[PDB]
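Visitor: Build me a model:
(chains A, B, C, D, E, F and G, ligands or ions: 4)
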Amino acid sequence: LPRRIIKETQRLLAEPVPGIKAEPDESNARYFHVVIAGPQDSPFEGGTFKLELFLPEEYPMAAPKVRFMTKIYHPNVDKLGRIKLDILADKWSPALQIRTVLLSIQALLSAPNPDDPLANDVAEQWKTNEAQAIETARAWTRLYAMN
Amino acid sequence: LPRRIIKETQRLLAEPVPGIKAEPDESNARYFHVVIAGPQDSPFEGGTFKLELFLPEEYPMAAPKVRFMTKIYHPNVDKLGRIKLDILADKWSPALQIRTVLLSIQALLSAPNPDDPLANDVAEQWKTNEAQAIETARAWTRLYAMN
Amino acid sequence: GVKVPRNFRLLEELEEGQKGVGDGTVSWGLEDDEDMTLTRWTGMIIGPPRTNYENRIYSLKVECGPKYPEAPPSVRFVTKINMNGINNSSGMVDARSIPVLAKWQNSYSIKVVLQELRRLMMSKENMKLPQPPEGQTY
Amino acid sequence: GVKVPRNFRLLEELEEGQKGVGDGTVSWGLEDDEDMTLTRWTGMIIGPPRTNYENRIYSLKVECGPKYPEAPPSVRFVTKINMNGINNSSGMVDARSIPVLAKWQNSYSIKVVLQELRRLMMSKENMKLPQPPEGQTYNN
Amino acid sequence: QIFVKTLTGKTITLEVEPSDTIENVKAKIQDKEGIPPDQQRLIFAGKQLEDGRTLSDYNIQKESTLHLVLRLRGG
Amino acid sequence: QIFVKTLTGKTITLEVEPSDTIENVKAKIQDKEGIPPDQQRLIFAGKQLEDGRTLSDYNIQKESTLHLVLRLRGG
Amino acid sequence: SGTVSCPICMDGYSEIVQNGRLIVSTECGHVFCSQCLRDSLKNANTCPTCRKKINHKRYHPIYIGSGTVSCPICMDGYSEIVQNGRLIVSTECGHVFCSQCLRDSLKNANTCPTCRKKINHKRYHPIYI
Ligand SMILES: [Zn+2]
Ligand SMILES: [Zn+2]
Ligand SMILES: [Zn+2]
Ligand SMILES: [Zn+2]
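Guide: Numbering: from 1, shown residues only, chains lettered A, B, ... in the order given. Ligands and ions are numbered 1, 2, ... in the order given. Coordinates below:
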C-alpha cells in the first residue's frame, strides 16, 4: 500500500476540512465514506450527503472514483450518483490529491453548471426555469438528505 | 565579511579535516596560518608544513592565494613557497572551498608533475633522477619540516 | 492486495454492459434506472446456432447480493426453457448445477456467467432437448 | 575595508620588480633569493640627467619590517652620495627628512620610494651638489 | 559501505566490495552528484586514488571516509 | 413557410426558401428555442435530414411539417 | 541532502528567495542562486560544479516550496527517493519530481502535472541537490 495513501488519509484524519467528513472503510483502506454538508445558503444547505470514494490502485496515475450515495437534484449528478466533474476525467493530475477534489465537489453544489451535464432534463429545467429547479433541489434535500 | 567566508571559517572550526590544520589570524579574519601533515609514502611523509592563505575580496570570484612558509623540495613549489597549482589560477571555480583546495595541495604532494614545471632545476632532477630527488625531498623534510 | 468495493465494481460491469461486447450475442444491463444499489439486473442470451435454442431470445433476471462479487449472484430465466440445472417450475438456476456458480470466484462477472450459460446450451446433453413454443414464461 | 598581509604584498612588488617598470631608471629586487621572509631588498637608481648625479648608478639596501607596509621600510645607500636627508656617515636616509618616508602610507611601495628619491635628486638643493669620486662605498 | 565527502562538504554513503575498481566507484558518484568521472579526483590518506586499482589495493575498508576534489593537473 | 414540431407539444413556424440549407434551418430553430445545431436531429418523410443538403433536395415544399428529436447527452 | 543551498555564496533557500533571488539549475543539473551563476557566467562559460560548458540560456529557474524537497506525486522525501535509487528531476518549466513518477505521468499525457506545459522525454533532466 503506497505511503501516500496513508499520509493523505492521515492529514485527513489528523485535520478535517470544514463541511466534510471522511471515514475510511475498515475492510479496505482505499475505500472511503465521505459525508458532505450542503454549501451554506445553497438549497442543499442543512442537508447531509453521502458519497463514496475509491481509488484504483493506479492512483494517482488514475483519478479517484467518486459517487453520490444520496439521491440529489443537480445537472451534473445523474440518477445513480455519478458525478461529471472534469478533474475526475480529462483534467486529472496527480498533484491534486483527494482533499482538493472534495472541496471541488462542495463548490459544484454551490455553482451548478449546465455544461453537457448528463441529465439534460435537470439541465433543461435549470436553464429554462432556474427558480423552479432550485426549489425542487431544496425539496429533494428535505426528502433525502435530512437523515 | 561575506556569509560564505564565515561559514567556511566557521565550518572549518566546527569540523577538522585530518592532517590539515587551519587557524585564522587575529589581526585579519581573511588571513590564515595553516599546517599540513605530509601524505603517507611521500618523502615528506610524517612531516609538517606551514602555509599561509589569504583571500582577496573578490573571492570566491578570485581564487585564494596560498604559499608555503616552510622550505620544501618539490617541482611545483618554488624557492619562495609559491605554489603552481592550476585551480589557483585558471581552473578556479567559486564552488571550490578552502578545505578542498587544501586537500588538493596535500594531494599534489603525493603526485608531483615536472612535465611542465615552475622550479625548473628540480623538475629536471625529478624526471632525470626521480630516485635521487625523492631522497633529497626526504632530506629537506628532515632539515626543515620536523620543527 | 487490491479489493474493489461492490458498488464500484458493479458500475464497472454496468459501463461495460452499455458499451456492449464483441458479438453482442449476450448482453446485460440494469432492470431499474432509479436504483442506487444496482441490484436488480436484466440479462439477455441469444440461443446458440444449430441447437433447439438457436434463433431465440432469453431474458434473465439477476440479483446481486450485498456480498457480490464475493458471493455469486442469484439468477433465473424469465423466458421458458428446458435445461439441465435450470429449474423448470421457477426458471431458477441451481447454483451447484452450474460450474461457475458452484466455483464462484470474486473475479467472475455477470458477463462470464451468461457466456457460461450460452456455452452450456451447446453441450450435448442440452442441445438435444425439446423446447416450448416461443414466448411463454414462468 | 580590505587590508593585505605583508607577505603577499611583497611578492606583488617582487613580481613587478622582475617585470621592471616604466623607463627602468629604478630597479628593485630581493637582496637574496633564499630568504623566505622577504626582509631585504636591493634597489638601484640611475642618476637623473643634467645633474651631478647623471649617468651614475646607486645601490640601495632596503629592509622591510614585520610592520610593513603599514610602517615605512628602512633605507640605505650603499654607493657614496651627497644629498640632503642622506646621512653622510652611514649612507642612511633619515625618515623624516624625506616627504614620502615622513608621510608614509601602506599604499606606498618600494617602487614609489625609489622614484621619490630619484625626483628629489632633481630638486635645486640637491642637483648642484658636488659628488665623491665614482665607485666609493660607505663602510658596509 | 563507504563515506565520501563531497565538494560542498556533505557526506554521501555508498555500497561496495573492496574488489571494486576505482573507475567503478566514480560511476556511483557520478550517479549521485552528476560529475563526470574524468572530473572527479578522490582522496584518501592525503593520496589521490588511481582508476585501475581496487579499494582493497589501498586497504580502504568498511566505513572508511573519502574525500572528493576536482580533477586537477597541478603543474 | 413551414411548421416544425416536437415530441413535446409546440409547433413553431418558420420562414424559408427551398434553397435554404439544413444547417441554415437548424440555426433558425436554434434562435427561436435555444438548442444548438449539433444537438438537433430532424425528421421528415421517414428520413433524417443531413446538413449539406437543401429543402428542395428533400422536396419539402408546401408549409410542410417537421419533427424535431433532440439528442440526449451522456458524456 | 537536506534543505537546498547555493554552493557559491552558501545561503539557504529561504535566505535566497527572501532577498528576491531565484533558485535555478543548469542543463547539467547543478543548482545555484541566480545572482551567483550570472556572476560566474561573467568570468567563464562553465558549470562551477562539473565544468560542463553551458554558454548561456542553458539554465532556468526552478520552483520548490519548502526548501526541503519532495516529489508531490508519490509524496516522498529526498532520502526516501534516493535510497530507492530514483533520481530527482526537473522539467524545463522549473517543476520538480522523482524520475519514476514523471516517466509514468508521460505515458498517459504529454503535459506537466503541476502546470500543464507540453513536454516529452527530452525536456526533463536530473538535478543533484
Ligand atoms: Zn549564491
Ligand atoms: Zn554542472
Ligand atoms: Zn515520485
Ligand atoms: Zn510545470
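
Visitor: Only C-alpha atoms from now on, for both contacts and neighbour counts.
Guide: Fine.

Visitor: Please enumerate the helices of the chain.
Guide: Because you didn't say which chain, this covers chain A. Per DSSP state H, chain A carries helices over the ranges A:3-14, A:97-110, A:120-128, A:130-145.

Visitor: hmm, I had chain G in mind actually
Guide: Counting by DSSP H, chain G has helices at residues G:13-18, G:34-41, G:78-83, G:99-108.

Visitor: Likewise for chain C?
Guide: Listed in chain order, the helices of chain C (DSSP H) span C:6-19, C:99-102, C:110-122, C:124-127.

Visitor: now, of these, which is deepest in the fold?
Guide: For those, ranked by mean neighbour count under the definition mean count of other CA atoms under 10 Å in any protein chain shown, the leader is helix C:110-122 at a mean of 18.

Visitor: Pipe the helices of chain A into JSON lines and attach distance to chain E per row.
Guide: JSON lines is the format used below for the helices of chain A (distance: least, CA to the nearest CA, whole Å):
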{"stretch": "helix A:3-14", "distance to chain E": "24"}
{"stretch": "helix A:97-110", "distance to chain E": "30"}
{"stretch": "helix A:120-128", "distance to chain E": "57"}
{"stretch": "helix A:130-145", "distance to chain E": "56"}
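
Visitor: For chain F, which of these is the nearest?
Guide: Nearest of these to chain F, taken as CA to the nearest CA: helix A:120-128 at 6.6 Å.

Visitor: neighbouring contacts of that closest one?
Guide: With contact meaning CA atoms under 8 Å, 6 or more residues apart in numbering or on different chains, helix A:120-128 is reached by A:73, A:74, A:75, A:114, A:117, A:132, A:133, A:134, F:72, F:73.

Visitor: give me the residue from chain G nearest ligand 2.
Guide: Nearest residue of chain G to ligand 2: residue G:50, at 4.0 Å (CA to the ion).

Visitor: Which residue is the nearest non-sequential neighbour of that residue?
Guide: Nearest non-adjacent residue to residue G:50, counting by CA to CA, 6 or more residues apart in numbering or on different chains: residue E:35, 5.2 Å away.

Visitor: What is the burial count for residue 18?
Guide: All of this refers to chain A. 9 (other CA atoms under 10 Å in any protein chain shown).

Visitor: that's the wrong chain, I wanted chain G
Guide: 10.

Visitor: do residue G:48 as well
Guide: When neighbours are counted by other CA under 10 Å, residue G:48 registers 23.

Visitor: how much space between it and residue G:24?
Guide: 13 Å (CA to CA, to the nearest Å).

Visitor: How about residue C:29?
Guide: For residue C:29 relative to residue G:24 (CA to CA), the value is 56 Å.

Visitor: Which single residue of chain C ends up nearest chain G?
Guide: Using CA to the nearest CA, the single residue of chain C nearest to chain G is residue C:2, 18.3 Å away.

Visitor: Now do that residue: how many residues are near it, please.
Guide: The number of residues packed near residue C:2 is 10, by other CA under 10 Å.

Visitor: Point out the residues in chain A that sit beside chain G.
Guide: For chain A, the contact set with chain G under CA under 8 Å from any CA of the partner chain comprises A:2, A:3, A:4, A:60, A:61, A:93, A:94, A:95.

Visitor: one more time with 7 Å
Guide: Neighbours of chain G within chain A, by CA under 7 Å from any CA of the partner chain: A:4, A:61, A:93, A:94, A:95.

Visitor: tell me the contacts of the fourth one?
Guide: If I follow you right, that is residue A:94. When contacts are counted by CA atoms under 7 Å, 6 or more residues apart in numbering or on different chains, residue A:94 touches A:60, A:61, G:73, G:113.

Visitor: of all the residues you listed, which comes closest to residue A:29?
Guide: Nearest to residue A:29 among the contacts of residue A:94, counting by CA to CA, is residue A:60 at 15.0 Å.

Visitor: which of the residues in stretch E:14-25 are buried?
Guide: By 16 or more other CA atoms under 10 Å in any protein chain shown, the buried positions in stretch E:14-25 come out as E:16, E:18, E:21, E:22, E:23, E:25.

Visitor: Including distance to residue C:132, could these go into TSV?
Guide: Supplementary listing: these in TSV, determined by distance: CA to CA, whole Å:
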residue	distance to residue C:132
E:16	79
E:18	85
E:21	84
E:22	86
E:23	84
E:25	82
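
Visitor: For stretch G:41-58, which residues meet the burial criterion?
Guide: Neighbour-count burial for stretch G:41-58 flags G:41, G:44, G:46, G:47, G:48, G:49, G:50, G:51, G:52, G:54 (criterion: 16+ other CA under 10 Å).

Visitor: Then stretch A:9-16?
Guide: Residues A:9, A:12 are the ones in stretch A:9-16 that count as buried (16+ other CA under 10 Å).

Visitor: closest to residue A:50 out of the helices of chain G?
Guide: By CA to CA (comparing all of the helices of chain G), the closest turns out to be helix G:99-108, at 31.4 Å.
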